[PDB]
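Residue numbers (the deposited numbering), protein chains in the order written: chain 1, 17 to 289; chain 1', 17 to 289; chain 1'', 17 to 73; chain 4, 29 to 68; chain 4', 29 to 68; chain 4'', 29 to 68; chain 2, 8 to 262; chain 3, 1 to 236; chain 3', 1 to 59; chain 3'', 1 to 59. A prime marks a further copy of an entry chain. Here the structure is laid out as structure tokens; the discussion comes afterwards.
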Amino acid sequence: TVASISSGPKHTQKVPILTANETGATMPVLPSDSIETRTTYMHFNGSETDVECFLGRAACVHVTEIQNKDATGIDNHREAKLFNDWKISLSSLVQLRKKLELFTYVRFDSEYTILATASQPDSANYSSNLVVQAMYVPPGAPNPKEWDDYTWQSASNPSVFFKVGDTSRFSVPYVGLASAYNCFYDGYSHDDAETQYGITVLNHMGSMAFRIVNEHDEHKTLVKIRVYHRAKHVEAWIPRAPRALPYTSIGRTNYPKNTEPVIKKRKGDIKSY
Amino acid sequence: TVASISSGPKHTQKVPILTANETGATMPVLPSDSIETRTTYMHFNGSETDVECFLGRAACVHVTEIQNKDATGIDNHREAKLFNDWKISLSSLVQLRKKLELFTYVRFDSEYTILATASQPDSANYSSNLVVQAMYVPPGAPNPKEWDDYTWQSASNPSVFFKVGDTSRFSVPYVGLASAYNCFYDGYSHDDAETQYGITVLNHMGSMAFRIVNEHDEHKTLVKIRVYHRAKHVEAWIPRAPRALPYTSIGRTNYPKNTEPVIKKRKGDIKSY
Amino acid sequence: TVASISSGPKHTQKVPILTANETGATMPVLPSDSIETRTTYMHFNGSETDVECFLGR
Amino acid sequence: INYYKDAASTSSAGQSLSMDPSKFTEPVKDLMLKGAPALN
Amino acid sequence: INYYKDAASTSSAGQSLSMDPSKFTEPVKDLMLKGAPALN
Amino acid sequence: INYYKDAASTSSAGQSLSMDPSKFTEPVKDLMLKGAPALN
Amino acid sequence: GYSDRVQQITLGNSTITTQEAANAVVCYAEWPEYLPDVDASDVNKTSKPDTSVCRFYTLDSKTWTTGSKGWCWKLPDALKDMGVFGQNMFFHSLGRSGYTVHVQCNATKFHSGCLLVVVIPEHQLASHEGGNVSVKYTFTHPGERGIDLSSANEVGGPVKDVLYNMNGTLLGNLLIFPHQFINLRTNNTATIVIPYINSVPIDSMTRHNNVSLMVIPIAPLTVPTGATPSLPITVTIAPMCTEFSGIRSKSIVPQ
Amino acid sequence: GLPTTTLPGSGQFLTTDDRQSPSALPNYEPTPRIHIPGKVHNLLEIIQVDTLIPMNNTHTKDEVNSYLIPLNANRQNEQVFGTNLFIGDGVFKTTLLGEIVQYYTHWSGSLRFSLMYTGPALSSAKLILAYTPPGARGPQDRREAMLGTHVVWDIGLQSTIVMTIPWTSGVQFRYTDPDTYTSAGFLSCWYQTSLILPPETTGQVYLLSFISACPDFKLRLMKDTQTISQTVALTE
Amino acid sequence: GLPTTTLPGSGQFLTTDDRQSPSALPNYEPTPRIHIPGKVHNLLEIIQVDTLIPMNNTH
Amino acid sequence: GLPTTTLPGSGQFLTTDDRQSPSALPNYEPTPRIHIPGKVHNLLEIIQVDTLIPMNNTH
Ligand SMILES: Cc1cc(CCCCCCCOc2ccc(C3=N[C@@H](C)CO3)cc2)on1
Ligand SMILES: Cc1cc(CCCCCCCOc2ccc(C3=N[C@@H](C)CO3)cc2)on1
């Protein structure tokens, strides 16, 4: 492939460099339209800019935490982190979010990796070996109330059991209701005067519940869960302007008030180098 | 292959042993040009002197250390080794450095092995099990400020998570900007009167950041990281004189003052055996 | 596979929507027996409702 | 590839792709045609 | 070799090697030739 | 068998078995024959 | 003698002529088309009023003055009240449509000024409150009036800051969306053909707007000496290939 | 039982590796795809669309005005604007090009810089745009500027001028992030003759300026952008 | 000895995965199947049989 | 699931072994090679060039 062809002096009536940008086109002008060039080859394919590659590496999408401790006398397991739960989403953390929102609709399979590490902040004789159980609780299915409810039987709901310190990995097909996931949605769930605006109403994916299977030892053990997400088989439509201001909320476009100028001011003139 | 052919008495006008070294050549003289020889075969190929073999074994290129401890009240994580960082380079340690600098330009893929072991120098009930996370922070990308920054999300930057005591291994393609890496560079980054001289300005590879993912236990744990590097797919150009004096700095050729004579003095005469 | 065929106005002596449930049958009535439909395809096989799948986790 | 000798040890079965609701939805002795009168 | 039955479980896809910027760079209704005048 | 997609991930290269010292041992412009006088 | 410059668009019972055009943009290089069966889901036969809905409606005019910040209309909202298009809209459960948008602004060879005319698929607005305040319905359904970016923040309304496109992105990059400029010195109209863009084959026309049309002054209007300091901008829009499905009782929407 | 040996790296999680995994939802059937205009395959497809450069960066809070380069009637010989070409920083940084370049470590290729004139139709002007390849200082006067890559632009019916910064380089890749060794030059613009307004007209006229990449362009070695960060996870 | 590398997920138990296992009862012979009317293959077969709706829910 | 047995040496790191590894930079394209005079393939090539011997070591 040639990156530049050889081109010499020109004295024409045919001027490729004068255009009318009002038309909305970006005319494909090249170095050889306005200087004299020599042949050179590309030596490159643009492999690593493919959208599959761009969205295809694992990104941390969520960090939660649960603890193993005596539940005796706990009136609210959920509240004691005896078993936390997460509202599956892909915008709570922003590195990956800005990347996805370069597109309007996106379609892909997900590969999740879940790393779990334990901490024992206060005096323990040892490090126990805990097994985590993460359940998929899609919307419409009983959601766990205690850390050892009938729910955890999970007879119809996919669940994975792995050890703290290890990693769990599995992959979920594209579960969207439509043909693509909306990265943006300028609508409502119905014509209500006070219903919420945005996509919050659209990515009704449900939540995922984590717990330790082990009963309690004499000390307490903090287990912190990190969920990583990798898109595989990516398809993206309609590019948009990149995110400039900071994010404030999952699912709304809102930016913070009295934010700071995002364009760097010159130290000098327009004329400055 | 014959290592020596059979050759007998000679009384010629054709003298292969008289030459003129002023020409710059090393004339290919053999035993059979000046004594009577018998046939012998080589029985050998020179396999283990191939440059791929010479540069192809893992060498320790870096030892760093980070600790897991309560960051509560630490004003400078980087400074507490709550997460160290390394300026990828291949000359900080010298065994491998002398080997590479036998050549001027070198091109290869790298295979890294990272061994991490833990130490608990002061009273602990136990040994905790820590997961290390090493990130590749190429130049232009946010560099970590605390041990748990958004940076560690590493949504676009390759990172590996492995356990202390284990080893991590992955391989990076030749990331040089030019066609080869310069082992030497007699230039500057620009014609500045005070800019630095050397290659420091050329092997702008960026750095690699390590941290423990675990929160803190009651005791403190020292984790010491050793990075090993193995060249694979090696290509080397222009041999040079081997390094004689000791090294003083990454990237400059400078040797120490009042160094010692590097040539061993005879215990005796020129005539001595 | 078609999920619905195209069907238009009807003025017949042949009424598929009147039945006698006392018989014990569930007559296979479709949208196209009582409204005007357009063609659409199924795009689906019913894979995940197989009893092997239902009892297989 | 089965690595094991016994049939019980093989993985899940593969979709019937059988599907015939008529034993349940139309177990009538004399065939009913949709469109023809139910009771003649 | 896929070891698994479902398509979601396969590795990353392979490069589009599609690449056609004209839907974005030249969505004009009447074709513009480089070198010819923009507005006639 | 390569298990990985990228070339960097393959094992070490295999012996040049190239070997030609003359660029280093005899870079002279006019060819010198062993046995003939060095300087004529 | 055809110029890129003169054009005629006849759609239904209405025709537009421009003698100073700058080509026309067809979003993503695709022209509006009906919904194919292979893509269909709802089993209902759809209704295609054709020429009674696919004609040109001219919205009420705006006034560009030196202080203008820009205006924003949403589709199909802007047309919610135009003739039979609008009736069909409130009466069917689902509908689908593409449009031809023609923005008009003429001046003289002594004026200067340049407007950006852009179509943004799925333009989800931001609340000026920050945090996770929502933007109430009424605020994102201004109707033919559209939203006036130089109007004041209101409560439950969107933010109207132009350097941020009403969503946290910079004005400068709106050029990645199908768009055309109106530069008084060149141009006097902008025309964009919009194909139907959605993640579902057909949708509700009232709970979801699928494009915002935005006209933004970028090089300020500068009139000749002692000229009146303002110009009107007119927007005329025509639904094209419209289809409605799932007819019934007639939606009732807030406010 | 087949004998195996495990190698160094066993059990590691590399966020960039690509392997198979069991599906959690065996046998599930995804929604059919329908057609949607606009599919993107390569980021290289989109960085060829031009977007506006806030060249007039001299303000103090972001404003529509930093997109406008002003021009003065009747000045002769003088300089319209100047900038270095660190596409990952400074004016370029918020543009779509700048914004994507920042996801990669290295770039190579030609850039296309165009200027669209917005002055009254009855005015006229001749400007010179100059590209100064690495190695010299930003030009200080047109004489200096005109000795490097340049285009005399004659403002006419055809409203925009497209200047190309042809790839001039020893090393075949440059870092996006400002490197010296790797630096690309300067871009300046001066009056060639001068802007002239018709009667009954007055004041400043402005140029809009765009940037996009030529088909020439290469970007490699993905990394994280300095353009976005956060201090606590967001919630709904 | 063939060189291997284990990936993330090793040792996990996913209730939905489908693999082979050793039989605890090697060589055992199950009872023959006889014919039984009524076999169900898909839940889609049975949701087409109609059943009564307690529409008058007001009690 | 295929039955395996691990041998002595599993998990060891031998600095001299030569195996495959995952690439951290999937799909990256290295700079083209250009021609450079002087390529060395074997250390045996270079030890045939003669160099001076500090024979007079007595200093
Ligand atoms: C055990 C176990 C646990 C699980 C979880 C199953 C995965 C379900 C999650 C499905 C994917 O979720 C989303 C959510 C949001 C988005 C998304 N939001 C927009 C910004 C873009 O994409 C995409 C996928 O499965 N088995
Ligand atoms: C996780 C994770 C961590 C990483 C690191 C990626 C590797 C980047 C390093 C690239 C190779 O670096 C160098 C540096 C210097 C030299 C060199 N200097 C001269 C003496 C010779 O060679 C060669 C390669 O990747 N993924």
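Built from N, CA and C at the ideal position, the CB exists for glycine as well.
At least one C-beta of chain 3 is nearer than 8 Å to the C-beta of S63 (chain 1''). For the pair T73 (chain 2) and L228 (chain 2), the Cα-to-Cα distance works out to about 6 Å.
Distance from the C-beta of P255 (chain 1) to the nearest heavy atom of ligand 1 is not below 7 Å. Pairing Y142 (chain 1) with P137 (chain 1'), the inter-Cα distance amounts to about 17 Å.
At a C-beta separation below 7 Å, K179 (chain 1') has these neighbours in chain 1: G181.
For the pair of segments examined, the region 101–112 of chain 2 was found not to touch the region 165–173 of chain 2: the number of CB pairs separated by less than 8 Å stays below three. In the three-state reduction of the DSSP assignment, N198 (chain 1) falls in the strand class, which pools E and B. Rounded to the nearest whole angstrom, the C-alpha separation of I279 (chain 1') and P54 (chain 3'') is 8 Å. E231 (chain 1) has its alpha-carbon roughly 42 Å from the corresponding atom of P262 (chain 1). Ligand 2 never approaches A196 (chain 1') closely enough for any of its heavy atoms to be under 7 Å from the residue's Cβ. With the rule of 3 Cβ pairs closer than 8 Å, the region 79–95 of chain 3 does not count as touching the region 22–36 of chain 1.
Shown in chain order are the members of the region 179–211 of chain 2 whose Cβ falls below 9 Å from a Cβ of chain 3: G179, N180, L181, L182, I183, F188, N190, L191, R192, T193, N194, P202, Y203, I204, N205, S206, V207 and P208.
At least one beta carbon of chain 1 lies nearer than 8 Å to the beta carbon of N27 (chain 3''). When C-beta atoms of the region 214–222 of chain 1' are compared with those of the region 197–206 of chain 1', three or more pairs fall below 8 Å, so the two segments count as touching. Only exposed fits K30 (chain 1''), as fewer than 16 other CB atoms lie within 10 angstroms of its CB.
Shown here for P174 (chain 1): same chain residues with a beta carbon closer than 7 Å to its own, the five before and five after excluded, namely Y152 in chain order. At a cut-off of 8 Å between beta carbons, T120 (chain 1) makes no contact with chain 4'. When the five nearest sequence neighbours on each side are left out, the beta carbons in the same chain lying within less than 8 Å of the beta carbon of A196 (chain 1') are those of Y121, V122, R123, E251 and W253, in order along the chain.
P32 (chain 3') and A36 (chain 1'') have their C-alpha atoms roughly 41 Å apart. Taking every protein chain shown into account, the CB of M58 (chain 1'') has fewer than 16 other CB atoms within 10 angstroms, so this residue is exposed. DSSP, read as helix, strand or coil, puts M222 (chain 3) in strand. Among the bridge pairs identified by DSSP, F177 (chain 1') is matched with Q149 (chain 1') and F13 (chain 3).
With distances taken between CA atoms, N84 (chain 1) lies nearest to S144 (chain 1) out of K161 (chain 1), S144 (chain 1) and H245 (chain 1). Here the region 44–60 of chain 4'' does not lie against the region 44–53 of chain 4', with fewer than 3 beta-carbon pairs under 8 Å apart. Nearest C-alpha to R185 (chain 1) among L85 (chain 3), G88 (chain 3), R19 (chain 3) and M163 (chain 3): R19 (chain 3). For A85 (chain 2), the CB stays at least 7 Å from every heavy atom of ligand 2. Of all C-beta pairs linking the region 40–51 of chain 3 to the region 40–52 of chain 3'', fewer than three are shorter than 8 Å, placing the two stretches out of contact.
Counting along the chain, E250 (chain 2) sits inside the beta strand (DSSP E) bounded by residues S237 to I254.
Nearest to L98 (chain 1') by alpha-carbon distance, out of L46 (chain 1'), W168 (chain 1'), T183 (chain 1') and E162 (chain 1'), is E162 (chain 1'). At a cut-off of 8 Å between C-beta atoms, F173 (chain 3) counts as an interface residue with respect to chain 1'. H41 (chain 3') counts as buried, since at least 16 other C-beta atoms from the protein chains shown sit within 10 angstroms of its C-beta.
If you check the C-beta of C199 (chain 1') against ligand 2, you find a heavy atom less than 7 Å away.
When the Cα atoms are used, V162 (chain 3) and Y117 (chain 3) turn out to be separated by approximately 12 Å. Any Cβ of chain 3'' closer than 8 Å to the Cβ of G11 (chain 3') would place that residue at the interface, and such an atom is absent. Under the DSSP definition of a beta bridge, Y203 (chain 2) lacks any partner. Beta-bridge analysis with DSSP links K33 (chain 4') to no other residue.
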